[PDB]
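Here's the structure, in structure tokens; my notes come after.
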Ligand SMILES: [Fe+3]
Ligand SMILES: [Fe+3]
Ligand SMILES: [Fe+3]
Ligand SMILES: [Fe+3]
Ligand SMILES: [Fe+3]
Ligand SMILES: [Fe+3]
Ligand SMILES: [Fe+3]
Ligand SMILES: [Fe+3]
Ligand SMILES: [K+]
Ligand SMILES: [K+]
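Protein chains in written order, with the deposited numbering: chain B, 353 to 451, 465 to 527; chain A, 13 to 451, 465 to 527; chain F, 13 to 451, 465 to 527.
Encoded structure:
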């Protein structure tokens, strides 16, 4: 992605849950109007140059790329099911382990990014987690009792305030 | 001398003190950007009680009450989330008839105010994000009992903005239960009398978030009938002092008055100066975005009835991108989707989960089990029926029985491996009715039904292998210092995979 | 001496004699190819009563009882088909509790036979088409009351073929109410006791045809509760003499016994010699095709209880491609689709019509009315919800309010003019569950939701102009000889267009 157009893709994460060569998540940042639409060129190039990728997801810069509940939040809210799902190579070469054309269905490029210029309509609001301090209200026994029940998406959302 | 509720918020607060789940403080918290700021730090955690609220000498504030779902399930006597879904959907089909008590026995009618009705003097308005301009009351559920709901009852949250004293805006989402009352009585000369209740019993907080499941709970159903059947005792109602309606008797604050559908005003002042709709911020919305201000109808308060101010009545302010708002809105909706799938063909759907990450009405995950060849393909009938009967669902995912439905990395594993992108993606209603908050046909794109299930008979090719996590014991190899050092670095998908051995 | 039913078939036959709607004869009709042959000649017409049936010295036969819908609506006190749909859907939500009378007061238990149970000796089997090989009993509805239907009740038709004396086949369509009882108690060692009733009251004939509408009438509902609420009086039940179940007391013949789900036999002899399924004819089916013979479960009759043979008890044989079979199967299904659309968003759908030409469960036509901009697009939510909650619907059409919903040339006019072929054709569930009779996914193609409605705000461009058929009078220009000569050549779309002036 830095070879094709540099400065757009900020982070690439492949987790445990997308197997070895099953999928990937990239994170793009659109600086202007010309760079809008470059992430669809990235998802077609990732799914073609990697053999047997089935799920390439492009997300925007305000997403935690390691929190996997944040990726499902972008699939719910930022995905048009008619336009933002790519099937670039239907009948190409996939992987025969994981169940003029073959039986490979094509892969899935999912554009969960925001459009450029519509960032104000899609802006995630930030709560005041830095304007208040929890040490002024509770003692340290009550903080560690309350912080020990937090797991999953709430550890990522309490850090960013999102 | 003093009246006591049956299963109200004060009895639930004493139960949290016995189990050690209640965290209290006496420092003066701010309603401006400190209640929801502390709620976001401790999202999905223990209930926090604020005894001292700034410029609120009689009000107490509870927050994060529905944060952890393990203490909501311990409150109502449920073992897990699978026992929670199957018992509320049992309680939907058998509602309990609510009782009506006298006006001298209702604890919410201890202090009845009929003049100088300043609602911001008595009810606590909060501010969520620092980009807001206005202070928003959003702690009240709307109790409509009687002939305006066809002999049934309705409870559900509505946000307010009191800017003209006793008159404030009343935001109704379109297609809801309050929208169906308002479109029926739009051209009526008489106003609609309703009652907004604050500091409700937590069974009535539970059914308050149920909405857009109207094939199961239609207009004319008993929404406080389900709240009676969840707690096991019928909810006490009482007649209003001024208007001809009914309240919830075991609440803390009750607003009585009339709703004017034709009288519409702007929610914010800066959207009232520039008279447009849909671009100016009010507070955040249910999607994790900002809601915008619109031309909401007006609720004209005629009376404020409230408990005794020396006993310090409790309000429940909550943020909208919190796990309170997830576990209120999506908890009966897990059961109502499970009730719809058991209505269509029973015995197939095992579990329905709606997490925090699929917003309120954004999506759902169901879990099916195909017993034979005839039941194969029934999950595509379920995903089309879920996406049509729930207004504004965008992502319904059906998974098989060998998937952890609560681990969200396990759902992404089914999207990678078990989904054909040509056949297993459903777009059932392209151009139908969606939700206008979350961005002969409309602009709605249709929703997405994703069939991540295995085919019947191909279960051996799609079987997840199980490692021997029960054939070996780690206590025979390492000491207990080395186990807890090694178990403390495990988070995410590896906690689910080490339990099942998958 | 003699027991009298409340609202049974004998009381309905006396009401048809008073209005002149009953046509009787004393010639000996044949059950082989003469009852259904005379039913097809007079399809959609007056009820025909056969006093003498060949090789049936105690049986009387009524046919074409539900043929004309204008005399079904006159029987139950309904003005038209719009009043029929809105009152049965009212009666779905308020069922009447059926009463239980004693065994000495039930008229169907006058003659109880427990030995030499030859069902073809007493119950009339008919043959529809000349390509058949076997004689089929298909006049009985299946009454399951009690713990096998979760405290509710179920009535519905099932075909039989008694070939082994008291043992005959019992065809259950998959996904039905009897299929859900059978899949629950498939591995049970005890058999399922049910009761097949013949010569039922016509309110119980009316709800018998209701099926695959299980979001409205699920398992555990009261299907004889709706039959009590249609006729206005509760249906009398009585305990069986041998088995532990309940019958309908005001019937003419009742078969009592047990259903064996694991014991399965072939329906025909020629499909039993060559042991395949799905190619050999049994009788025609509901689609207007032939049904094929399969491996049906067996109903083991233990007792035959019947009225007194000198009083000549009445059976109701009917063809399956007749207007009896259309107006039995699609009449509560018109109301249940109307109940589902009023559950989702009320006030939009005005009328639901399922004609003869869309078979039983093949299709439906709804009629919507868009009041404002918010209600635009709600009919695509309706067509996706109708096609998913009804199993095996293939053609759901939504039309606007200026269409005659009963004139079928007016529906083809909306397919020509108001349908975009790119946007207004819905395929909601491609690969789901359909019907195997009518020819991770199945072979079902998905159904077809057709949006033939106008957009909101474009009603002036799509307005049908109205000619002046009321501003002129034809009696001022022609005599009454010339009017009735000119009006007798009008049939089809021109009868609907001359009434509305359209
Ligand atoms: Fe990695
Ligand atoms: Fe996108
Ligand atoms: Fe409601
Ligand atoms: Fe939830
Ligand atoms: Fe699949
Ligand atoms: Fe039934
Ligand atoms: Fe019909
Ligand atoms: Fe159209
Ligand atoms: K609600
Ligand atoms: K039926």
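C-beta atoms are modelled at their ideal positions from N, C-alpha and C, and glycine is treated no differently.
Query                                                                                                                                                                 : Result
With a threshold of 9 Å between beta carbons, is residue 501 of chain A in contact with chain B?                                                                      : no
Going along chain A in order, which residues have a C-beta closer than 7 Å to the C-beta of residue 448 of chain B?                                                   : By Cβ distance, chain A contributes nothing, its closest Cβ being about 12 Å from residue 448 of chain B, past 7 Å.
Over the uninterrupted alpha helix (DSSP H) stretch that includes residue 386 of chain B, give me the two end residues.                                               : Note, residue 386 of chain B: premise wrong, no alpha helix (DSSP H); not H, not E.
Reducing DSSP to helix, strand and coil, say where residue 165 of chain A ends up.                                                                                    : strand
Less than 8 Å separating the Cβ of residue 219 of chain A from some heavy atom of ligand 9?                                                                           : yes
If the cut is a Cβ gap below 7 Å, which residues of chain B does residue 417 of chain A touch?                                                                        : The premise fails here: residue 417 of chain A is roughly 13 Å from chain B at the closest Cβ pair, so nothing lies under 7 Å.
Using a beta-carbon distance below 9 Å, is residue 467 of chain A in contact with chain F?                                                                            : yes
In three-state DSSP terms, what is residue 481 of chain A?                                                                                                            : coil
When you measure from the CB of residue 453 of chain B to every non-hydrogen atom of ligand 1, does any distance come out below 8 Å?                                  : A break in chain B separates 451 from 465, and the residue in question, residue 453 of chain B, sits inside that break with no coordinates.
Could you name the residues that DSSP lists as bridge partners for residue 205 of chain F?                                                                            : F/270
Ends of the beta strand (DSSP E) at residue 37 of chain A?                                                                                                            : 35-41
Considering only residues of the same chain and omitting the five flanking positions on each side of residue 300 of chain A, which have a CB-CB separation below 7 Å? : 333 and 371
With distances taken Cα to Cα, identify the nearest neighbour of residue 514 of chain B among A/381, A/470 and A/59.                                                  : A/59
Would you mind working out which of A/152, A/214, A/134 and A/129 sits nearest residue 178 of chain A, comparing C-alpha positions?                                   : A/129
Could you tell me whether any Cβ in chain A is nearer than 9 Å to the Cβ of residue 477 of chain B?                                                                   : no
Would you mind reading off the limits of the beta strand (DSSP E) that contains residue 304 of chain A?                                                               : 302-304
Between the alpha carbons of residue 250 of chain F and residue 16 of chain F, how many angstroms are there, rounded?                                                 : 14 Å
Which residue wins for smallest C-alpha separation from residue 402 of chain F, given the options F/415, F/373 and F/353?                                             : F/373
Would you kindly report the start and end of the unbroken alpha helix (DSSP H) that includes residue 218 of chain A?                                                  : 214-220
When every heavy atom of ligand 2 is checked, does at least one fall within less than 8 Å of the C-beta of residue 489 of chain B?                                    : no
In this structure, does DSSP put residue 497 of chain F in helix, strand or coil?                                                                                     : coil
Considering only the alpha carbon of each residue, which of A/376, A/172 and A/18 lies closest to residue 150 of chain A?                                             : A/172
Where does the unbroken alpha helix (DSSP H) through residue 351 of chain F begin, and where does it stop?                                                            : 344-356
What separation, rounded to the nearest whole angstrom, lies between the Cα atoms of residue 132 of chain F and residue 319 of chain F?                               : 16 Å
Does DSSP put residue 411 of chain A in a helix, a strand or coil?                                                                                                    : strand
For the alpha helix (DSSP H) that residue 426 of chain F lies in, which residues bound it at each end?                                                                : 420-429
Using a 10 Å radius around the Cβ and a threshold of 16 neighbouring Cβ atoms, would you call residue 366 of chain A buried or exposed?                               : buried
Would you say the segment 278-290 of chain A touches the segment 45-56 of chain A, given that touching needs at least three Cβ pairs under 8 Å?                       : no
Taking 8 Å as the line, does the beta carbon of residue 223 of chain F fall inside it for any heavy atom of ligand 6?                                                 : yes
With a CB to CB cut of under 6 Å and the five nearest residues on each side skipped, what residues in its chain are close to residue 436 of chain B?                  : 476
Given a limit of 7 Å on CB to CB distance, which residues of the segment 224-236 of chain A reach chain F?                                                            : 226, 227, 230 and 231
Cutting at 6 Å between CB atoms, please list the residues of its own chain near residue 412 of chain A, excluding the five before and the five after it.              : 478 and 479
Under 9 Å, do residue 396 of chain F and residue 355 of chain A count as touching if we go by C-beta distance?                                                        : no
Anything in chain A within Cβ reach of residue 470 of chain B, meaning under 7 Å, just list it in chain order.                                                        : 432, 433 and 434
So if I measure from each beta-carbon to every heavy atom of ligand 4 and keep distances below 5 Å, which residues remain?                                            : A/342 and A/366
Relative to the alpha-carbon of residue 111 of chain F, which residue among F/34, F/424, F/170 and F/237 has its alpha-carbon at the smallest distance?               : F/237
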